[PDB]
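Order of appearance sets the numbers: ligands from 1, and atoms from 1 within every ligand. One is the number of the first residue; the rest follow in order along the sequence. Side-chain atoms are counted along with the backbone in the values below, which use heavy atoms only and exclude waters and symmetry mates.
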Amino acid sequence: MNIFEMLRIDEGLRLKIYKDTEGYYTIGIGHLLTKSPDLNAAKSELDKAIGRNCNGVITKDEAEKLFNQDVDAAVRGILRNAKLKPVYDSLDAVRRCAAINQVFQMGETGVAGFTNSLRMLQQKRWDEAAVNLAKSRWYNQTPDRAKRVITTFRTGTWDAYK
Ligand SMILES: Cc1ccc(Cl)cc1O
């Protein structure tokens, strides 16, 4: 297991524009195109991201290319964030994957609501952190995925991903 395999499980792979769990146009392995309800705006974002006229469809290679860009940018964002970097750098590599996963899903603005969880994770109070993480819109809206990510934070193992 690694961050790519982990996010591939959690996000799936779809080659045509679809709506994510929040109703937002998306493609590939959880590549958000836009929060706009306008499908045309989404198609324009897709063409911009791929560099050709896609008419709402991409190939697996193209999906994986966006995925690599998206995972990388997520990590680099964490490292630039004064609130996130110290927590991230305190963690072992398996737990760092859980961190990347959560940021990939909800963005840094999403993880801003997790200040108390962050503190417990930095303190390595793993069961306490796991309890606090589940007290969230995140958990309630995507409980099966959040359970997997939280187990990863709690144990530092890949048990939740088989
Ligand atoms: C919970 C959590 C901790 C540390 C980082 Cl870097 C991200 C997270 O989404």
With clusters defined by side-chain heavy atoms of hydrophobic residues (ILVMFWY) lying less than 4.5 Å apart, directly or transitively, does [Y] cluster with [X]?
X	Y	value
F67	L13	yes
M120	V111	no
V103	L32	no

Under 3.5 Å, side chain of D20 to main-chain N/O of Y24, donor-acceptor pair present?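 Side chain of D20 to backbone of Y24, a donor-acceptor pair under 3.5 Å: yes, one is there.
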Closest non-hydrogen protein atom to atom 3 (C) of ligand 1, residue and atom name please, with distance?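 Checked against all protein heavy atoms, atom 3 (C) of ligand 1 sits closest to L118 CD2, 3.2 Å.
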Closest protein heavy atom (residue, atom, distance) for atom 5 (C) of ligand 1: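 For atom 5 (C) of ligand 1, the nearest protein heavy atom comes out as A99 CB, 3.5 Å.
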N/O to N/O below 3.5 Å, does that happen between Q102 and ligand 1?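 There is such a contact, yes.
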Below a 4.0 angstrom heavy-atom separation, can you tell me which part of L121, side chain or backbone, both or neither, approaches ligand 1?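 It is the side chain that gets close, since no backbone atom is under 4.0 Å.
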So, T155 and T157: side-chain donor and acceptor under 3.5 Å apart, yes or no?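 Note: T155 and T157 side chains meet the donor-acceptor criterion.
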Considering only heavy atoms of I78, which atoms of ligand 1 have at least one such atom less than 4.0 Å away?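 Result: 6 (Cl).
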